[PDB]
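Next up, query_31.cif (mmCIF, C-alpha atoms and all ligand atoms):
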data_protein
#
loop_
_atom_site.label_atom_id
_atom_site.label_comp_id
_atom_site.auth_asym_id
_atom_site.auth_seq_id
_atom_site.Cartn_x
_atom_site.Cartn_y
_atom_site.Cartn_z
CA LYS A 1 27.67 -27.21 4.47
CA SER A 2 29.11 -25.87 1.21
CA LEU A 3 26.84 -25.50 -1.83
CA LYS A 4 29.77 -25.82 -4.26
CA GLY A 5 28.93 -28.15 -7.14
CA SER A 6 25.52 -29.15 -5.79
CA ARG A 7 22.29 -29.16 -7.79
CA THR A 8 20.84 -26.81 -5.19
CA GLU A 9 23.49 -24.18 -5.94
CA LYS A 10 22.39 -24.29 -9.59
CA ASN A 11 18.73 -24.13 -8.58
CA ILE A 12 19.30 -21.11 -6.36
CA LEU A 13 20.93 -19.21 -9.24
CA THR A 14 18.14 -20.35 -11.57
CA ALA A 15 15.54 -19.06 -9.09
CA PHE A 16 17.47 -15.80 -8.72
CA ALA A 17 17.45 -15.32 -12.49
CA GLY A 18 13.71 -15.94 -12.66
CA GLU A 19 12.98 -13.73 -9.66
CA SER A 20 15.04 -10.95 -11.25
CA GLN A 21 13.15 -11.12 -14.53
CA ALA A 22 9.81 -11.24 -12.71
CA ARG A 23 10.69 -8.02 -10.90
CA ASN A 24 11.25 -6.20 -14.21
CA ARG A 25 8.16 -7.65 -15.88
CA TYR A 26 5.93 -6.68 -12.97
CA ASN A 27 7.24 -3.12 -12.91
CA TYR A 28 6.49 -2.82 -16.64
CA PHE A 29 3.01 -4.29 -16.16
CA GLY A 30 2.55 -1.80 -13.34
CA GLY A 31 3.27 1.06 -15.70
CA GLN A 32 0.84 -0.40 -18.23
CA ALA A 33 -1.84 -0.76 -15.55
CA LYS A 34 -1.48 2.95 -14.80
CA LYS A 35 -1.93 3.72 -18.50
CA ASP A 36 -5.02 1.49 -18.56
CA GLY A 37 -6.56 3.43 -15.68
CA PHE A 38 -6.12 0.87 -12.89
CA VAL A 39 -4.19 2.56 -10.07
CA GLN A 40 -4.77 -0.04 -7.35
CA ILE A 41 -3.67 -2.76 -9.76
CA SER A 42 -0.67 -0.67 -10.83
CA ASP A 43 0.46 -0.31 -7.22
CA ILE A 44 -0.10 -4.04 -6.67
CA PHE A 45 2.21 -4.88 -9.59
CA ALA A 46 4.81 -2.51 -8.17
CA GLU A 47 4.54 -4.00 -4.69
CA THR A 48 4.76 -7.51 -6.09
CA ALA A 49 7.89 -6.48 -8.01
CA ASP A 50 9.44 -5.21 -4.78
CA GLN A 51 8.63 -8.49 -3.07
CA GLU A 52 10.25 -10.49 -5.89
CA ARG A 53 13.29 -8.28 -5.30
CA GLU A 54 13.28 -9.58 -1.73
CA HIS A 55 12.89 -13.25 -2.72
CA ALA A 56 15.87 -12.71 -5.03
CA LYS A 57 17.91 -11.06 -2.28
CA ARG A 58 17.38 -13.97 0.12
CA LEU A 59 18.43 -16.41 -2.60
CA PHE A 60 21.38 -14.28 -3.70
CA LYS A 61 22.76 -14.21 -0.15
CA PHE A 62 23.06 -18.01 -0.03
CA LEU A 63 25.48 -18.09 -2.95
CA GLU A 64 29.22 -18.39 -2.32
CA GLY A 65 30.69 -16.53 -5.30
CA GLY A 66 32.01 -17.27 -8.76
CA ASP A 67 30.36 -17.42 -12.18
CA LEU A 68 27.92 -20.26 -12.73
CA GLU A 69 26.23 -21.47 -15.92
CA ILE A 70 22.52 -22.25 -15.85
CA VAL A 71 20.05 -23.63 -18.39
CA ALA A 72 16.48 -22.40 -18.10
CA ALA A 73 13.51 -21.12 -20.08
CA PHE A 74 11.96 -17.69 -19.52
CA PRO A 75 9.03 -15.69 -20.92
CA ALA A 76 10.33 -13.89 -24.02
CA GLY A 77 7.98 -10.94 -23.68
CA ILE A 78 5.48 -9.48 -23.69
CA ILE A 79 3.68 -6.34 -22.53
CA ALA A 80 -0.02 -6.36 -23.42
CA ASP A 81 -3.25 -5.01 -21.93
CA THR A 82 -3.60 -5.20 -18.15
CA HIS A 83 -6.01 -8.14 -18.12
CA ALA A 84 -3.60 -10.14 -20.29
CA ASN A 85 -0.63 -9.11 -18.14
CA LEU A 86 -2.45 -10.23 -15.00
CA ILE A 87 -3.20 -13.60 -16.59
CA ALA A 88 0.41 -14.07 -17.72
CA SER A 89 1.75 -13.05 -14.32
CA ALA A 90 -0.60 -15.47 -12.56
CA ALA A 91 0.62 -18.27 -14.83
CA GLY A 92 4.20 -17.43 -13.89
CA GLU A 93 3.38 -17.47 -10.19
CA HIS A 94 1.55 -20.77 -10.70
CA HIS A 95 4.57 -22.49 -12.23
CA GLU A 96 6.76 -21.22 -9.40
CA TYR A 97 4.65 -22.46 -6.49
CA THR A 98 3.33 -25.67 -8.07
CA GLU A 99 6.39 -26.89 -9.96
CA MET A 100 9.69 -25.03 -9.57
CA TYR A 101 9.96 -24.19 -5.88
CA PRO A 102 8.51 -27.46 -4.58
CA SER A 103 10.98 -29.31 -6.81
CA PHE A 104 13.90 -27.12 -5.75
CA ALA A 105 12.90 -27.62 -2.11
CA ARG A 106 12.74 -31.41 -2.44
CA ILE A 107 16.15 -31.49 -4.12
CA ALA A 108 17.58 -29.23 -1.41
CA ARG A 109 16.23 -31.52 1.31
CA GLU A 110 17.71 -34.52 -0.49
CA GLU A 111 21.14 -32.88 -0.72
CA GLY A 112 21.06 -31.91 2.96
CA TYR A 113 20.26 -28.19 2.70
CA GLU A 114 17.33 -27.96 5.13
CA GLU A 115 17.40 -24.19 5.64
CA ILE A 116 17.45 -23.49 1.91
CA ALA A 117 14.67 -26.02 1.30
CA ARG A 118 12.57 -24.25 3.95
CA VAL A 119 13.19 -20.95 2.16
CA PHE A 120 12.12 -22.36 -1.21
CA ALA A 121 8.92 -23.74 0.33
CA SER A 122 8.28 -20.44 2.09
CA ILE A 123 8.77 -18.37 -1.06
CA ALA A 124 6.26 -20.68 -2.76
CA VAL A 125 3.65 -19.60 -0.22
CA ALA A 126 4.24 -15.97 -1.17
CA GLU A 127 3.93 -16.74 -4.88
CA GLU A 128 0.59 -18.47 -4.30
CA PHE A 129 -0.93 -15.32 -2.80
CA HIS A 130 0.68 -13.25 -5.57
CA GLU A 131 -1.25 -15.46 -8.00
CA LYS A 132 -4.47 -15.04 -6.03
CA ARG A 133 -4.24 -11.26 -6.28
CA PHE A 134 -3.48 -11.36 -10.00
CA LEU A 135 -6.31 -13.80 -10.75
CA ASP A 136 -8.80 -11.89 -8.60
CA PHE A 137 -7.98 -8.61 -10.33
CA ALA A 138 -8.07 -10.22 -13.77
CA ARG A 139 -11.52 -11.56 -12.87
CA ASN A 140 -12.70 -8.13 -11.68
CA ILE A 141 -11.66 -6.62 -15.02
CA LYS A 142 -13.28 -9.37 -17.06
CA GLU A 143 -16.53 -9.05 -15.10
CA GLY A 144 -16.53 -5.25 -15.11
CA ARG A 145 -16.36 -5.18 -11.31
CA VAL A 146 -13.23 -3.08 -10.80
CA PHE A 147 -15.16 0.15 -10.22
CA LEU A 148 -18.74 -1.09 -9.94
CA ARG A 149 -20.44 -3.58 -7.64
CA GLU A 150 -23.91 -5.04 -7.13
CA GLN A 151 -24.54 -3.56 -3.67
CA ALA A 152 -23.59 -0.14 -2.29
CA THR A 153 -20.19 -0.17 -0.59
CA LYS A 154 -17.31 2.13 0.36
CA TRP A 155 -14.71 3.26 -2.17
CA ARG A 156 -11.45 4.99 -1.25
CA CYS A 157 -9.48 7.36 -3.47
CA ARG A 158 -5.87 6.17 -3.34
CA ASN A 159 -4.67 9.66 -4.30
CA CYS A 160 -6.21 11.64 -1.43
CA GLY A 161 -8.10 9.25 0.83
CA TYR A 162 -11.61 10.49 0.02
CA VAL A 163 -14.27 7.89 0.83
CA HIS A 164 -17.25 7.50 -1.50
CA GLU A 165 -20.35 5.51 -0.61
CA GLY A 166 -22.24 3.92 -3.48
CA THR A 167 -22.46 1.02 -5.92
CA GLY A 168 -19.49 2.37 -7.85
CA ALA A 169 -16.51 4.70 -7.74
CA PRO A 170 -17.20 8.24 -9.05
CA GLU A 171 -15.93 9.50 -12.42
CA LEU A 172 -13.94 12.17 -10.58
CA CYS A 173 -12.90 12.39 -6.94
CA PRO A 174 -14.83 15.27 -5.35
CA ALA A 175 -11.83 16.08 -3.14
CA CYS A 176 -8.74 15.89 -5.36
CA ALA A 177 -10.40 15.85 -8.80
CA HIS A 178 -8.42 12.81 -9.94
CA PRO A 179 -10.14 10.20 -12.16
CA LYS A 180 -12.06 7.07 -11.17
CA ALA A 181 -8.85 5.16 -11.89
CA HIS A 182 -7.59 6.03 -8.40
CA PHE A 183 -10.43 4.33 -6.52
CA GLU A 184 -10.40 0.99 -4.72
CA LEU A 185 -12.71 -0.82 -2.33
CA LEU A 186 -12.10 0.61 1.13
CA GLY A 187 -10.02 -1.93 3.01
CA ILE A 188 -9.40 -2.32 6.73
CA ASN A 189 -6.74 -4.90 7.55
CA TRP A 190 -6.04 -4.07 11.19
CA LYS B 1 -15.77 34.48 -9.41
CA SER B 2 -12.54 36.00 -8.10
CA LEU B 3 -11.27 35.01 -4.64
CA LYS B 4 -9.36 38.28 -4.22
CA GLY B 5 -9.90 39.77 -0.77
CA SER B 6 -12.42 37.15 0.35
CA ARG B 7 -12.30 35.26 3.64
CA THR B 8 -12.26 32.04 1.63
CA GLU B 9 -9.00 33.02 -0.07
CA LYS B 10 -7.46 33.41 3.39
CA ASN B 11 -8.95 30.10 4.52
CA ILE B 12 -7.58 28.26 1.49
CA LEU B 13 -4.06 29.51 2.23
CA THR B 14 -4.53 28.66 5.91
CA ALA B 15 -5.61 25.13 4.96
CA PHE B 16 -2.66 24.85 2.57
CA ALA B 17 -0.26 25.82 5.35
CA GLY B 18 -1.76 23.24 7.70
CA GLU B 19 -1.84 20.53 5.03
CA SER B 20 1.82 21.24 4.25
CA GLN B 21 2.89 20.91 7.86
CA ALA B 22 0.83 17.74 8.29
CA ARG B 23 2.67 16.18 5.35
CA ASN B 24 6.05 16.77 7.02
CA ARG B 25 4.89 15.62 10.46
CA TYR B 26 3.44 12.40 9.08
CA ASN B 27 6.61 11.58 7.16
CA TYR B 28 8.63 12.05 10.36
CA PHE B 29 6.18 9.90 12.34
CA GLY B 30 6.50 7.32 9.58
CA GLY B 31 10.24 7.19 10.09
CA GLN B 32 9.73 6.86 13.84
CA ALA B 33 7.22 4.04 13.32
CA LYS B 34 9.86 2.16 11.33
CA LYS B 35 12.32 2.63 14.18
CA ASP B 36 9.68 1.36 16.63
CA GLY B 37 9.22 -1.81 14.58
CA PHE B 38 5.82 -1.06 13.02
CA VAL B 39 6.21 -1.33 9.23
CA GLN B 40 2.52 -1.34 8.28
CA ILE B 41 1.99 1.73 10.46
CA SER B 42 5.09 3.37 8.99
CA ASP B 43 3.77 2.89 5.46
CA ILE B 44 0.36 4.20 6.56
CA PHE B 45 1.95 7.42 7.86
CA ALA B 46 3.83 7.78 4.58
CA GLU B 47 0.69 7.20 2.51
CA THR B 48 -1.26 9.65 4.64
CA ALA B 49 1.51 12.22 4.11
CA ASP B 50 1.23 11.72 0.34
CA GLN B 51 -2.52 12.23 0.53
CA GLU B 52 -2.11 15.46 2.51
CA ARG B 53 0.21 16.53 -0.31
CA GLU B 54 -2.74 16.02 -2.65
CA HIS B 55 -5.21 17.94 -0.47
CA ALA B 56 -2.67 20.77 -0.46
CA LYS B 57 -2.25 20.62 -4.23
CA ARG B 58 -5.99 20.92 -4.85
CA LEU B 59 -6.15 23.91 -2.50
CA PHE B 60 -3.01 25.50 -3.93
CA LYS B 61 -4.45 25.38 -7.45
CA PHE B 62 -7.44 27.55 -6.46
CA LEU B 63 -5.21 30.47 -5.47
CA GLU B 64 -4.69 33.37 -7.86
CA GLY B 65 -1.19 34.54 -6.96
CA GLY B 66 0.48 37.11 -4.73
CA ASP B 67 1.71 37.01 -1.14
CA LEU B 68 -0.96 36.72 1.53
CA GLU B 69 -0.70 37.06 5.31
CA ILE B 70 -2.44 34.51 7.51
CA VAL B 71 -2.89 34.11 11.26
CA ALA B 72 -3.12 30.55 12.55
CA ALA B 73 -1.93 28.19 15.27
CA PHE B 74 0.03 25.02 14.54
CA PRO B 75 1.51 22.12 16.54
CA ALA B 76 4.98 23.24 17.66
CA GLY B 77 6.43 19.74 17.69
CA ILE B 78 6.85 17.02 18.56
CA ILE B 79 8.18 13.59 17.60
CA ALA B 80 7.56 10.96 20.28
CA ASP B 81 6.88 7.22 20.43
CA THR B 82 4.59 5.81 17.74
CA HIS B 83 1.54 5.41 19.98
CA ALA B 84 1.83 9.06 21.03
CA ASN B 85 2.37 10.17 17.42
CA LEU B 86 -0.74 8.28 16.32
CA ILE B 87 -2.77 9.95 19.07
CA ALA B 88 -1.47 13.42 18.16
CA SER B 89 -2.10 12.83 14.46
CA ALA B 90 -5.64 11.65 15.15
CA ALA B 91 -6.28 14.82 17.18
CA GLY B 92 -5.07 16.90 14.25
CA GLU B 93 -7.33 15.05 11.84
CA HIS B 94 -10.21 15.49 14.30
CA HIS B 95 -9.86 19.26 14.42
CA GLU B 96 -9.73 19.40 10.63
CA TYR B 97 -12.89 17.43 9.92
CA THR B 98 -14.97 18.56 12.90
CA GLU B 99 -14.01 22.23 13.13
CA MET B 100 -11.79 23.75 10.44
CA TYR B 101 -13.03 22.32 7.15
CA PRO B 102 -16.74 22.43 8.00
CA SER B 103 -16.27 26.07 9.01
CA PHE B 104 -14.26 26.90 5.90
CA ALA B 105 -16.90 25.17 3.77
CA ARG B 106 -19.77 27.12 5.35
CA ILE B 107 -17.92 30.41 4.86
CA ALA B 108 -17.17 29.48 1.24
CA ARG B 109 -20.84 28.71 0.60
CA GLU B 110 -21.81 32.01 2.20
CA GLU B 111 -19.38 33.95 -0.01
CA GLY B 112 -20.62 32.18 -3.14
CA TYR B 113 -17.77 29.71 -3.74
CA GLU B 114 -19.76 26.48 -4.12
CA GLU B 115 -17.03 24.41 -5.79
CA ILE B 116 -14.46 25.32 -3.15
CA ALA B 117 -16.95 24.63 -0.35
CA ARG B 118 -17.58 21.19 -1.86
CA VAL B 119 -13.85 20.55 -1.89
CA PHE B 120 -13.46 21.54 1.77
CA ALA B 121 -16.31 19.22 2.74
CA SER B 122 -14.84 16.43 0.63
CA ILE B 123 -11.37 16.79 2.14
CA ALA B 124 -13.02 16.56 5.57
CA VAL B 125 -14.30 13.10 4.65
CA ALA B 126 -10.74 12.00 3.87
CA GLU B 127 -9.45 13.36 7.17
CA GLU B 128 -12.11 11.44 9.08
CA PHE B 129 -10.88 8.11 7.70
CA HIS B 130 -7.28 9.22 8.31
CA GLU B 131 -8.29 9.64 11.96
CA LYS B 132 -9.96 6.23 12.02
CA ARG B 133 -6.77 4.54 10.85
CA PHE B 134 -4.63 6.41 13.36
CA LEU B 135 -6.98 5.69 16.27
CA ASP B 136 -7.36 2.02 15.32
CA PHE B 137 -3.60 1.54 15.14
CA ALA B 138 -3.05 3.43 18.39
CA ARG B 139 -5.61 1.10 19.99
CA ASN B 140 -3.88 -1.99 18.57
CA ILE B 141 -0.59 -0.86 20.10
CA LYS B 142 -2.14 -0.05 23.46
CA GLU B 143 -3.89 -3.42 23.59
CA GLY B 144 -0.89 -5.39 22.34
CA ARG B 145 -2.82 -6.54 19.28
CA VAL B 146 -0.51 -5.32 16.51
CA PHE B 147 1.15 -8.70 16.04
CA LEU B 148 -1.03 -10.98 18.16
CA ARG B 149 -4.74 -11.79 18.10
CA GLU B 150 -7.17 -13.95 20.05
CA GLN B 151 -8.05 -16.35 17.21
CA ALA B 152 -5.82 -17.81 14.51
CA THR B 153 -5.76 -15.67 11.37
CA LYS B 154 -3.61 -14.90 8.33
CA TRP B 155 -0.58 -12.60 8.52
CA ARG B 156 1.25 -11.22 5.49
CA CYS B 157 4.90 -10.16 5.37
CA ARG B 158 4.95 -6.73 3.73
CA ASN B 159 8.58 -7.28 2.68
CA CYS B 160 8.14 -10.46 0.62
CA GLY B 161 4.48 -11.46 0.67
CA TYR B 162 4.86 -14.61 2.78
CA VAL B 163 1.59 -15.64 4.44
CA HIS B 164 1.66 -17.02 7.97
CA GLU B 165 -1.31 -18.73 9.61
CA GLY B 166 -1.57 -18.46 13.38
CA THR B 167 -2.62 -16.34 16.34
CA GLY B 168 0.36 -14.05 15.80
CA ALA B 169 3.03 -12.94 13.35
CA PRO B 170 6.32 -14.88 13.57
CA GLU B 171 9.50 -13.43 15.09
CA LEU B 172 11.20 -13.84 11.72
CA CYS B 173 9.72 -14.33 8.26
CA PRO B 174 10.58 -17.86 7.11
CA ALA B 175 10.91 -16.64 3.52
CA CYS B 176 12.87 -13.37 3.64
CA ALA B 177 14.20 -13.53 7.22
CA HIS B 178 12.98 -10.02 8.04
CA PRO B 179 11.62 -9.30 11.55
CA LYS B 180 8.05 -9.52 12.84
CA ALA B 181 7.87 -5.76 12.30
CA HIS B 182 7.05 -6.36 8.63
CA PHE B 183 3.87 -8.34 9.25
CA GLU B 184 0.26 -7.18 8.94
CA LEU B 185 -3.13 -8.86 8.92
CA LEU B 186 -3.68 -10.25 5.42
CA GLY B 187 -6.09 -7.91 3.68
CA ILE B 188 -8.21 -8.44 0.59
CA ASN B 189 -9.92 -5.27 -0.63
CA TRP B 190 -11.01 -6.34 -4.11
FE FE A 201 9.29 -14.53 -6.30
FE FE A 202 5.55 -13.80 -7.17
FE FE A 203 -9.14 11.94 -4.28
FE FE A 204 -5.36 16.93 4.66
FE FE A 205 -5.42 13.88 7.12
FE FE A 206 9.05 -12.00 4.32
#

So, in terms of C-alpha cells, how does the structure I just supplied come out?
Amino acid sequence: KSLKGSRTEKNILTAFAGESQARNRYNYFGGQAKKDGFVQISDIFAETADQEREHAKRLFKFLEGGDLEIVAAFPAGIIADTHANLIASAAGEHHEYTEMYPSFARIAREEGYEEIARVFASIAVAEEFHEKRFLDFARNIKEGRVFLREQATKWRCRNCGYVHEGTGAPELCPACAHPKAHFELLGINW
Amino acid sequence: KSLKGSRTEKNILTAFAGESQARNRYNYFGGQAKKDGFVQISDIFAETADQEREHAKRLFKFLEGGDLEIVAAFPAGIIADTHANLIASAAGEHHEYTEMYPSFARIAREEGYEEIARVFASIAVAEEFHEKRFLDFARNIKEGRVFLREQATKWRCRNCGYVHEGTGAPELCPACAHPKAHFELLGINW
C-alpha cells in the first residue's frame, strides 16, 4: 500500500539521509587510513562506503516522490586518526543495528509494510558486520597487531600480490617495492 | 650496472610485454565473469589485472630508454566462459612462475643483476598465488560449490554487506535485492 503520510515514509527518508552521510564519512576515513599507512583498512572503508550507497539506494527506491521534512541528529564531524575514525564508525554502526533499524522495522510492521520492515531488519545485519570489521581493525591498531603477529603466518601485498611468510609484513615489498602499508593477512574465502 | 645490451634487458621488456597483455586479458575475463553471474570472481580478475599492472610498472622502471626488439609468443585470444577463462589464466600464471621468471632470474643473477633477479623471483611468488586463486575458483565452478556448500556457513553479499547463514547463498539478497551472483563466503583476514 501507499507510504504517503505514514511514519515509515519518514523513517525511510531519515535512514536515507543517515546512509548518505555515512557514505561520505567512510570515504573520508578511507582517505585518512591511506595517509596513516593502512591500505587494507583504507579499502575496507571504501568498500563499506559503497555498501552504504547500496543500502541508501534500496531505501530511496521505496519512496514515492515529493519533498519531505525530517528531524534527526547526525555526527557533526569529525576526521581524526584512523583508530579514532574506526571507533566512531563502529559506534555509528552500533546505533543503526541496535536502535534505529530495529525500531524502524517494528514501526513498519505495525503500519503494515512487511517488505520494508524486512529490508530494515536485513540492513541491520549488514551494519552489524560493518561494526565487527571496524572494531576488529581498531583493536589490531591498538594492540600493534596490524603488521605483526605472535606466530609466523602469510602476508599478502595488496598492491602486487606478493606473499611473505613470517611473523610480520616486510618494510618493503620485495616484488613491487611498495611499503609495509600495503600488506594484509593472506585470506582465502572460497 | 648498465643493462644496455644484456640478455636481462631483453627479458625485462619481454616480461613487461607479457604482464601488459595479462592485465588486459584479466580485465576482459573479469567482465565476462560478471556476465556469467560470478561477482567475487569478477572482482578477483580485476584485482589480479591491477596487480599485473604493478608487476609491469616495477619492470618498466628498470629500463633505460630506447626502442628494443623482442621475440616472444603470446596467447592469441580468447574470451570464453568463466571456467575456461580461469583455466587459461591459471596456465598462464603457471608458465610464468615455473618457467619464465625463474629462468629470467637465473640469467639476471648470471649477468650480475642481483636486484632485478630478486624482483623476478618475487614476482613469481605473486603469480603462484594468482594461479591458486584461479584454480580454486575454477574447481568451485566445476563442482557446483560457488554458491552452495555441504555444511551451513556464512555468506556475504558483496553489494551491501548482508550476511546470510545457510548451506547456500540466497537467490536474492534480502537487504539490497541483488542476485545470488553477488554472494561470497564470509571472509575474515585480520
Ligand atoms: Fe548502511
Ligand atoms: Fe554500515
Ligand atoms: Fe608488492
Ligand atoms: Fe604478473
Ligand atoms: Fe599473475
Ligand atoms: Fe545485498

Inset, instruction - Extract, using all atoms listed in the file, all DNA, RNA and protein residues at most 10 Å from residue 166 in chain B, discarding same-chain residues fewer than 3 positions from it, and format them as a VMD selection string. - result: chain B and resid 148 to 155 163 169 to 170

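Taking CA of residue 22 in chain B and CA of residue 41 in chain B as the two end points, the separation is 16.2 Å.
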
Inset, instruction - With only C-alpha atoms and all ligand atoms counted, collect every polymer residue having an atom within 8 Å of ligand FE 201 (chain A); state the result as an MDAnalysis selection string. - result: chainID A and resid 18:19 22 51:56 93 96 123:124 126:127

Save out the residues we just selected, C-alpha atoms, as a PDB file, in the frame of the given file.
ATOM      1  CA  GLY A  18      13.710 -15.940 -12.660  1.00  0.00           C
ATOM      2  CA  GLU A  19      12.980 -13.730  -9.660  1.00  0.00           C
ATOM      3  CA  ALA A  22       9.810 -11.240 -12.710  1.00  0.00           C
ATOM      4  CA  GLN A  51       8.630  -8.490  -3.070  1.00  0.00           C
ATOM      5  CA  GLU A  52      10.250 -10.490  -5.890  1.00  0.00           C
ATOM      6  CA  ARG A  53      13.290  -8.280  -5.300  1.00  0.00           C
ATOM      7  CA  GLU A  54      13.280  -9.580  -1.730  1.00  0.00           C
ATOM      8  CA  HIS A  55      12.890 -13.250  -2.720  1.00  0.00           C
ATOM      9  CA  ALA A  56      15.870 -12.710  -5.030  1.00  0.00           C
ATOM     10  CA  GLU A  93       3.380 -17.470 -10.190  1.00  0.00           C
ATOM     11  CA  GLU A  96       6.760 -21.220  -9.400  1.00  0.00           C
ATOM     12  CA  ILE A 123       8.770 -18.370  -1.060  1.00  0.00           C
ATOM     13  CA  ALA A 124       6.260 -20.680  -2.760  1.00  0.00           C
ATOM     14  CA  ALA A 126       4.240 -15.970  -1.170  1.00  0.00           C
ATOM     15  CA  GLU A 127       3.930 -16.740  -4.880  1.00  0.00           C
TER      16      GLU A 127
END

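If all atoms listed in the file are the atoms counted, then among A:45, A:162, A:60, A:183 the closest residue to ligand FE 205 (chain A) is A:162.
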
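Residue nearest ligand FE 203 (chain A) within the list A:91, A:33, A:175, A:107: A:175 [criterion: smallest interatomic distance, all atoms listed in the file].
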
Neighbours of range 136-140 of chain B within 8 Å (all atoms listed in the file; same-chain residues fewer than 5 positions away dropped), as a PDB file with C-alpha atoms, in the frame of the given file?
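This went into out21.pdb:
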ATOM      1  CA  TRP A 190      -6.040  -4.070  11.190  1.00  0.00           C
TER       2      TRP A 190
ATOM      3  CA  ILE B  41       1.990   1.730  10.460  1.00  0.00           C
ATOM      4  CA  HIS B  83       1.540   5.410  19.980  1.00  0.00           C
ATOM      5  CA  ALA B  84       1.830   9.060  21.030  1.00  0.00           C
ATOM      6  CA  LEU B  86      -0.740   8.280  16.320  1.00  0.00           C
ATOM      7  CA  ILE B  87      -2.770   9.950  19.070  1.00  0.00           C
ATOM      8  CA  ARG B 145      -2.820  -6.540  19.280  1.00  0.00           C
ATOM      9  CA  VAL B 146      -0.510  -5.320  16.510  1.00  0.00           C
TER      10      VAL B 146
END
